[PDB]
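Chemist: Chains as they are written, first to last, in the authors' numbering: chain C, 5 to 42, 44 to 49, 49A, 50 to 133, 133A, 134 to 326; chain A, 5 to 42, 44 to 49, 49A, 50 to 133, 133A, 134 to 326; chain E, 5 to 42, 44 to 49, 49A, 50 to 133, 133A, 134 to 326; chain D, 1 to 203; chain B, 1 to 203; chain F, 1 to 203.
Cβ atoms here follow ideal geometry from the backbone N, Cα and C, with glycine treated the same way.
Next up is a structure, given as structure tokens.
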Amino acid sequence: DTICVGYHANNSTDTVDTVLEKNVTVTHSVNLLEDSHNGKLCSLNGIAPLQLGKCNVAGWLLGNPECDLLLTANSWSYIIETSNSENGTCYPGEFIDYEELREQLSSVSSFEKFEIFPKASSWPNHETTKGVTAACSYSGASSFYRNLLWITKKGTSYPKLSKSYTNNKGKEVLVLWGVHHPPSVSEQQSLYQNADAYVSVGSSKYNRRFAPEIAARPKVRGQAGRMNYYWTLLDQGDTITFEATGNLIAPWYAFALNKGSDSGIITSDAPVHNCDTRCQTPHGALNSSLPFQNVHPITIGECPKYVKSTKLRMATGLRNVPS
Amino acid sequence: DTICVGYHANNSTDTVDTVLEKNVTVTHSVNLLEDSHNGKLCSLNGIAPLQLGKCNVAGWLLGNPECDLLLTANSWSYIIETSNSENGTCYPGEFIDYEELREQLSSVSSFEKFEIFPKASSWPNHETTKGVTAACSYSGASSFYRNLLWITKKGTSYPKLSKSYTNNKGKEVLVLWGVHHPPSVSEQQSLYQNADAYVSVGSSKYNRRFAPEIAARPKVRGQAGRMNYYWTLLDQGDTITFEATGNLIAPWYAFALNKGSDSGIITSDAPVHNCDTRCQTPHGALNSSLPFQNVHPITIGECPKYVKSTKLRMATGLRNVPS
Amino acid sequence: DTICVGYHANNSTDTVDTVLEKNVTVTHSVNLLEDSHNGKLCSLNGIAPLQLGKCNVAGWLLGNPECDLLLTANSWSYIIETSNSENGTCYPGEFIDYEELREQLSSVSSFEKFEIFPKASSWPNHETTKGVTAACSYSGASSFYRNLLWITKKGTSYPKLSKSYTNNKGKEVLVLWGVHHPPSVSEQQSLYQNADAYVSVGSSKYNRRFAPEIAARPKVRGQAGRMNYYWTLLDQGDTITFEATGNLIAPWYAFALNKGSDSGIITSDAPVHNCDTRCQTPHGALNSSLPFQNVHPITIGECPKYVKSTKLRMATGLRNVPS
Amino acid sequence: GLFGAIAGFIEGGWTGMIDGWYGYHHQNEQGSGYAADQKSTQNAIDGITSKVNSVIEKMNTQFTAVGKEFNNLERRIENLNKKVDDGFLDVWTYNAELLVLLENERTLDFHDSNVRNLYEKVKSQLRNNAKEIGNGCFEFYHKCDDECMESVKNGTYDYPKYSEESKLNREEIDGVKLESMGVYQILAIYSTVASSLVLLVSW
Amino acid sequence: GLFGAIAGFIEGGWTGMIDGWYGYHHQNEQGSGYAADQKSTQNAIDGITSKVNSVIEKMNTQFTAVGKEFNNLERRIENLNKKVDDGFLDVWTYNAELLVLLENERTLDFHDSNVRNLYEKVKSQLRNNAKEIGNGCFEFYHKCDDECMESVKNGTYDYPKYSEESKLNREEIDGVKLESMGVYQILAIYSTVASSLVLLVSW
Amino acid sequence: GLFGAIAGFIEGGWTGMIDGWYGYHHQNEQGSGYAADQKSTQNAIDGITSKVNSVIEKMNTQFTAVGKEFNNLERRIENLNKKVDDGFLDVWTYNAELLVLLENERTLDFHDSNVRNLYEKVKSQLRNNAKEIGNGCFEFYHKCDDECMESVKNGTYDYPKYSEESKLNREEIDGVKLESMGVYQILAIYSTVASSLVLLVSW
Ligand SMILES: *[C@@H]1O[C@H](CO)[C@@H](O[C@@H]2O[C@H](CO)[C@@H](O[C@@H]3O[C@H](CO)[C@@H](O)[C@H](O)[C@@H]3O)[C@H](O)[C@H]2NC(C)=O)[C@H](O)[C@H]1NC(C)=O
Ligand SMILES: *[C@@H]1O[C@H](CO)[C@@H](O[C@@H]2O[C@H](CO)[C@@H](O[C@@H]3O[C@H](CO)[C@@H](O)[C@H](O)[C@@H]3O)[C@H](O)[C@H]2NC(C)=O)[C@H](O)[C@H]1NC(C)=O
Ligand SMILES: *[C@@H]1O[C@H](CO)[C@@H](O[C@@H]2O[C@H](CO)[C@@H](O[C@@H]3O[C@H](CO)[C@@H](O)[C@H](O)[C@@H]3O)[C@H](O)[C@H]2NC(C)=O)[C@H](O)[C@H]1NC(C)=O
Ligand SMILES: *[C@@H]1O[C@H](CO[C@@H]2O[C@@H](C)[C@@H](O)[C@@H](O)[C@@H]2O)[C@@H](O[C@@H]2O[C@H](CO)[C@@H](O)[C@H](O)[C@H]2NC(C)=O)[C@H](O)[C@H]1NC(C)=O
Ligand SMILES: *[C@@H]1O[C@H](CO[C@@H]2O[C@@H](C)[C@@H](O)[C@@H](O)[C@@H]2O)[C@@H](O[C@@H]2O[C@H](CO)[C@@H](O)[C@H](O)[C@H]2NC(C)=O)[C@H](O)[C@H]1NC(C)=O
Ligand SMILES: *[C@@H]1O[C@H](CO[C@@H]2O[C@@H](C)[C@@H](O)[C@@H](O)[C@@H]2O)[C@@H](O[C@@H]2O[C@H](CO)[C@@H](O)[C@H](O)[C@H]2NC(C)=O)[C@H](O)[C@H]1NC(C)=O
Ligand SMILES: *[C@@H]1O[C@H](CO)[C@@H](O[C@@H]2O[C@H](CO)[C@@H](O)[C@H](O)[C@H]2NC(C)=O)[C@H](O)[C@H]1NC(C)=O
Ligand SMILES: *[C@@H]1O[C@H](CO)[C@@H](O[C@@H]2O[C@H](CO)[C@@H](O)[C@H](O)[C@H]2NC(C)=O)[C@H](O)[C@H]1NC(C)=O
Ligand SMILES: *[C@@H]1O[C@H](CO)[C@@H](O[C@@H]2O[C@H](CO)[C@@H](O)[C@H](O)[C@H]2NC(C)=O)[C@H](O)[C@H]1NC(C)=O
Ligand SMILES: *[C@@H]1O[C@H](CO)[C@@H](O[C@@H]2O[C@H](CO)[C@@H](O)[C@H](O)[C@H]2NC(C)=O)[C@H](O)[C@H]1NC(C)=O
Ligand SMILES: *[C@@H]1O[C@H](CO)[C@@H](O)[C@H](O)[C@H]1NC(C)=O
Ligand SMILES: *[C@@H]1O[C@H](CO)[C@@H](O)[C@H](O)[C@H]1NC(C)=O
Ligand SMILES: *[C@@H]1O[C@H](CO)[C@@H](O)[C@H](O)[C@H]1NC(C)=O
Ligand SMILES: *[C@@H]1O[C@H](CO)[C@@H](O)[C@H](O)[C@H]1NC(C)=O
Ligand SMILES: *[C@@H]1O[C@H](CO)[C@@H](O)[C@H](O)[C@H]1NC(C)=O
């Protein structure tokens, strides 16, 4: 009789690497790495996301009328651009500080869109209906943006324009506007009847005098002129004044904004579904508790951390050695 | 007769956490982390740090007469703001490149203030003392900055101005000036009587033409006019030429600068005492040689390193196991 | 008999430090850290680098004829500056966005310099040769950049200028030009005989209206006027038009560009030879496979990794303890 | 610090053991062993569980990080951002793999030390009995039932209760032919030789 | 790597010991022990001192990090600044905590190793005397005063000085004395004649 | 984690040994020892080689890093650039030196444990023979050649072949020297005289 002493053994074959040795077959282990994900993009914390489709963000906020379907959108979890998202600006030009605008979008949650200057009332001086381009056409019909307003003269006449606007909505208000210029002096007089012209934008902290330019250039989309774009955050209290002579693209819609951080500009093309998670990638959604994520670095939510490895098995057990 | 072999034990109580077990009672240990600070802000190496009190940096440098007390300061350990420092620019406008000017101040230790152009001598054509407003008022009087000079016409008669200065002080000299523009054209002619005007500044590396603008805007502090601010470093050798017609806030003092690094713009509110340490926080001074620090990340001086935990006791000894 | 058991021993002397002890002599060790290098600047994988000599990058791309020597240079591995490289702009002004232009050259490998506008063809309206300063002199003779062109009047008459150019070369095209302005209205008319002036450049994504300025300023190199410089990348396809009145420095050459990244602006003065390595520092080239490097951080190509230590010997063996 | 017990002087494992990680195999009068030791293995389970929970605790959870945007003039800032990202990525993958490797070394040696400590504890409470052989196996000079087995597994043995029979039993095991010759030396064989001398002397 | 000494077979600490960390408790005829070993505790003190000072040495002192400022158009840059600072703070706090934990494991096992090495060195020079019992205690078959105890503490023993009597003690503790009892085995009476035969053959 | 072998109970090194790291020294009837064990040293070779190779594999090879430039209005961005560089430099030099120190500790302890386990295996296969003395030195009660040496060095001993005569030798060790001829009750030379009687009878 004897009391021979020994340890447990298994039939398992998961291997853990150590420093002194590779591929050690251990009894029991525990994973620490993730790779599983659906190919779906679910809502975050119950709140639906937003998809633009074939729409750049700038084309959406200006209301490029190919982006007409998502007109009544007001609340999102995170904005999804697509690979096919290309309807930016219809009229050729330049949207100044587009990047800074996109990061100020990254901490807004919802909207209150409203008429700034009511088109039937605010303009008792000028023809506000004979201005459109065929380059920004829509189903054949010559069309225009949905938040702006082209302004024309009224029968070889121009009263000098001035207009204020006040904030009394508590939250901050974002206001856009634009400046047109043609490439020829003849067209410049043909629309505006002024040798020189100027606008001025002033609130308290933004202030600039704008003046057009007239210069020939190769046309794009059948248009040789250009149009620049500008935008400013307002505050409660402080007011804004526009004062125009020749080249005004009048604001016609504003936005009241809402806080609540962590918004994203994830670009993917996986479809949208209607479950709920706490983590979201371009390649899918996650559901885990291991502290290391391997799928993709760009995350939204409370996600575990991105690494660049393959196998991170941690051994909790013995050297499984048969006899 | 026995020779039993044993080990030291204690009534020690302090616990250290190891990996395999929490709260293990050790005979001897040593802390590695700091918590203690005074509520006091002492001299760094004997030099008293400059406090601004209720004064913004630019309001000090242009010399708001609100900030009259700390006028003849010329050296510091570092620079202290409080949360009530609001007397910056009394007259509304824009101080361009304020942050870069703050950063250049972060490596300068001491000043020499001096007249560039004497108020009584250098200006034999223009009224020098009849332009000052009530928006920058001071104790009933209508006042103005202490380092600049408003310029007006001299009785419906106004020569074109041009004036130079050469640097001959070896150290780098800082120059500030400003451009007023009124909001209305009749006021522009009322003060200057030039339909157009311009100023220009050239050194060797700086060259800028300024034109004013005139436009209406909702008033601030009883003023709808505006006034911008511009600044330029110089070197030993290179000169500066002003060529000004109509809108010039003339410089009236300069600053011979110095080296002497490691200057900060700590904003706090704990008062000033007179010890001397080698570390400085917005919450107090520090005095130890433990390498880890827990109070506050923003430091000035040779300071131990900021982490984000609470307990880092290190065990030096045995498990206190009585019997 | 006995079967006494002993370990190996040696006469080796080198020491590895452990945590518990300094200077422990180990029988066998291995170093991990590099110190030694030739003082040579060899070729990366066949292709030699380009030395500038007394040549600034800006002076080269403008073709300052001090740096006439490297006229035919069109392919390199990387770019070498020296401490004596000082010939940039011979005419005083400001090469705008010099850093950004340096960064875009940090991934370009080779060119194809060619005439944009031939000297005696594209300009049958102006005098093409009689304006050249002596400030950019060569052997005393009033000389000028070899890549641009000064433009004068033509006998008290001066046509409005417009000129187009297209790209049909399948790569990106790099284009330079400049704007002169003199200090006096006298020199303005005497050069150009137009009180107003402007130029205008536009392709599809660049669009700017330049206007001169006229102001007095202290002269540099005997010139009280200045010249601003500008540059633009083109695309395959998209074309460029210039429309100028009276202040033009027209181009005379372009650059067809080639990819191939990993090239920089390493400055040193250690000499050039023609070996082949796969790592290059300002003090010389490296040759090992150890994972740690000590000589200099600024490295070109695959290099062992830079640290700030002096001794990283790793013990592989026993404590060399004799009797 | 491989202590040389597992795959050492003890070669293999036990498949027939089920319950814990550390156990015995008695081979007494009736029945056989493979009975676990739930006492010591509980400490192992608690320590490893604390270890794993601590490692999961020391890593944080990052929050929403989105790629940013630039135009064609901000290239310095763009490479700056890219450099920051690849730097932090390399640092965290370095930390992760290095940490898991060193933990795996130390946990295998923790199991080895537990095995060896149990073997030490067993042999310590058996003073001069059972004449151990090989891979930790014994003999038990005195014969005893399940009860002494269970006692020793509970760390109780009462050595003087068995010492005298085991001492005699060891000594008769220590007797090889010394049960047959007992003249305090090679004397029993030796006595016969002198007789021959006396018989030849008086012959 | 718990070697099994601290709270292992040796159960408790000693409140009575004052000077060092590792001691002796001699129990001869006059007085009791509680005397330190200043030799081997000195090495451990020096090593732990070296360890602490090295850990102090490898950290550095951060210099004057000042908050920066930005206007409302440099939001990208300011977010980049925040991401940089948060990442580096996380890196350093992780390295600090992990360093402290692994050091604590290793230093407790260092003390364990010192205890075990001392006990083995004691058992080494006392080969077969003193019949070690329980939690590290010894017996001394032969009797000896403070001088032998001091020599033991100096690691000197001159063991063939004390062998035979202690051997005799281990003989007289463990002698089958019924087999001798003065005279048995008829060997004494019988062998005497042989010597008489030898004295006859010699003469 | 000093287990006590090297510079412990085993004092010095062997300059005379060449081939492996861990060897023996026989002192049998002809010649002296100094032969390696190529077996167990090969495992240490493989482990240390894997150790160094894995450490090399973890560290990575950086690509082209060129310094950048800024004008006089970009002091903030330049200082940000500098802070990023200094941070990553300090983090990597910290990780490198700390990694090297911990691996140095572990490799010295690895050699220590291998030496001790070698000693344990040798003592394991020799149960009641050779009466181990000094710095791990042995005696062999029975006398044998180089073949039993080679047997032991192949982990074989065939102990029942050599048990009996070495055992009989082990019993007769003691009394030949405590009287300079031995201590015995009344038959020490007496029996010797009976032998002499056997000689004088068998001339
Ligand atoms: C909204 O986005 C869509 C797709 O992103 C735009 O459709 C594309 O518009 C371009 C610009 O005109 C078209 O290129 C030109 O098309 C004409 C006729 O096909 C051709 O003569 C030209 O040589 C050039 O190819 C492109 O064809 C068209 N895409 C498709 C599939 O037809 C659309 O223009 C955007 N909306 C607005 C208002 O710009
Ligand atoms: C220096 O800083 C102080 C602190 O802000 C300034 O005092 C503040 O000045 C403003 C401007 O008048 C005051 O706000 C207005 O006050 C009037 C009358 O009190 C009221 O009718 C307005 O509706 C508005 O509230 C503010 O009360 C006043 N606060 C204090 C504590 O004095 C001061 O003006 C600054 N100096 C200069 C030269 O700007
Ligand atoms: C190419 O670079 C070289 C050196 O970097 C330039 O040579 C230096 O040019 C400056 C002005 O062009 C000279 O400074 C002036 O020299 C005169 C006469 O000595 C003196 O009276 C002035 O006070 C001032 O010092 C300088 O002497 C000269 N140095 C050398 C070593 O030649 C050269 O001008 C550059 N090429 C071009 C086209 O700009
Ligand atoms: C460690 O194991 C991995 C996995 O391979 C499996 O395990 C081995 C023990 C053996 O049974 C293999 O047949 C199994 O497939 C090995 O990694 C692969 O090895 C093969 C052969 O060298 C190679 O073709 C694959 O590309 C490897 N793939 C990966 C992802 O590792 C590995 O070689 C083993 N050894 C070491 C030192 O890691
Ligand atoms: C680990 O210890 C901390 C500190 O508590 C001390 O240590 C314990 C072992 C025990 O001796 C306590 O009396 C000591 O004060 C424990 O954290 C505290 O726990 C108490 C409840 O007992 C709670 O009221 C406090 O808020 C806790 N303090 C902090 C800073 O968390 C902790 O619970 C112990 N954990 C384990 C597993 O032992
Ligand atoms: C560790 O040793 C080095 C070099 O000394 C050699 O190694 C010793 C172990 C011993 O064998 C000496 O005889 C050898 O010469 C020391 O390095 C230098 O030490 C002196 C002071 O002793 C100092 O003035 C030098 O600056 C040191 N230089 C460098 C490059 O280190 C080292 O100091 C020794 N360790 C300690 C803890 O001081
Ligand atoms: C995400 O994972 C969790 C846990 O892995 C899932 O929750 C489990 O759901 C099943 C089905 O009802 C239950 O049987 C389990 O008990 C749940 N586990 C826990 C821990 O709650 C969850 O279903 C997964 N999916 C989503 C969308 O949350
Ligand atoms: C460990 O085992 C021993 C014996 O193997 C136990 O001691 C006896 O156990 C039996 C049955 O459990 C009781 O009837 C006796 O009263 C026990 N005591 C004696 C004989 O003195 C012991 O209880 C077990 N447990 C522990 C914790 O020691
Ligand atoms: C270690 O202890 C022994 C035992 O006391 C010391 O040996 C004696 O030292 C005393 C000192 O007063 C002398 O008088 C004796 O002659 C010594 N020898 C004996 C008793 O045999 C010894 O000196 C101590 N030190 C060392 C290094 O061995
Ligand atoms: C290990 O050593 C043993 C004994 O030293 C070897 O056994 C001997 O092998 C030789 C080879 O020719 C035979 O002649 C002997 O008869 C063997 N037996 C003895 C000496 O008792 C053994 O071969 C060695 N090698 C291995 C792999 O075990
Ligand atoms: C190993 O044996 C267990 C018995 O507990 C069994 O459940 C398991 O299926 C076996 N392994 C495999 C891979 O089948
Ligand atoms: C523990 O006892 C010692 C006895 O000398 C005493 O000095 C010490 O103060 C005691 N500990 C505490 C916490 O009081
Ligand atoms: C700072 O600490 C040192 C030592 O810790 C001490 O001597 C000194 O009094 C403390 N205070 C000051 C103001 O230096
Ligand atoms: C150590 O001995 C070897 C013997 O081969 C010899 O080659 C070597 O030079 C010696 N080292 C020194 C420092 O003399
Ligand atoms: C670099 O070093 C290797 C090994 O030392 C050597 O073979 C080679 O010739 C060296 N030079 C080059 C250019 O690779």
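1. Run through the DSSP bridge pairs and tell me what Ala257(C) is partnered with.
2. Which residues bound the alpha helix (DSSP H) around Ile243(E)?
3. In terms of residues, what are the limits of the alpha helix (DSSP H) holding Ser54(D)?
4. Counting contacts by CB-CB distance shorter than 8 Å, is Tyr94(D) in contact with chain F?
5. Given 7 Å as the limit, tell me if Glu90(C) has its C-beta closer than that to any heavy atom belonging to ligand 1.
6. Using the Cβ count rule (16 or more neighbours within 10 Å means buried), how would you classify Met181(F)?
7. Which of the three DSSP states is assigned to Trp92(B) in this structure?
8. With distance defined between alpha-carbon atoms, name the residue in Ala218(A), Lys123(A) and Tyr256(A) nearest to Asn150(A).
9. When you compare the CB of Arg220(C) with every CB in chain E, is at least one pair closer than 8 Å?
10. Does DSSP put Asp112(D) in a helix, in a strand, or in coil?
11. Taking only runs that begin and end inside the segment 151-197 of chain F, name each unbroken beta strand (DSSP E) of 3 or more residues, in chain order.
12. For chain B, check one thing: does any of its Cβ atoms lie closer than 8 Å to the Cβ of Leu321(E)?
13. Taking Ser126(A) as the reference, give the member of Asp238(A), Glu107(A), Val204(A) and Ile154(A) with the closest Cα.
14. Please report how far the alpha carbon of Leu74(C) lies from the alpha carbon of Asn91(C), in whole angstroms.
15. Any beta carbon from chain E within less than 8 Å of residue 4(A)'s own beta carbon?
Modeler: Well, looking at it:
1. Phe118(C)
2. Note, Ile243(E): premise wrong, no alpha helix (DSSP H); beta strand (DSSP E) at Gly240 to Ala247.
3. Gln38 to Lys58
4. yes
5. yes
6. exposed
7. helix
8. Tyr256(A)
9. yes
10. helix
11. none
12. no
13. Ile154(A)
14. 13 Å
15. Here chain A comprises residues numbered 5 to 326, so residue 4(A) is not present and cannot be evaluated.
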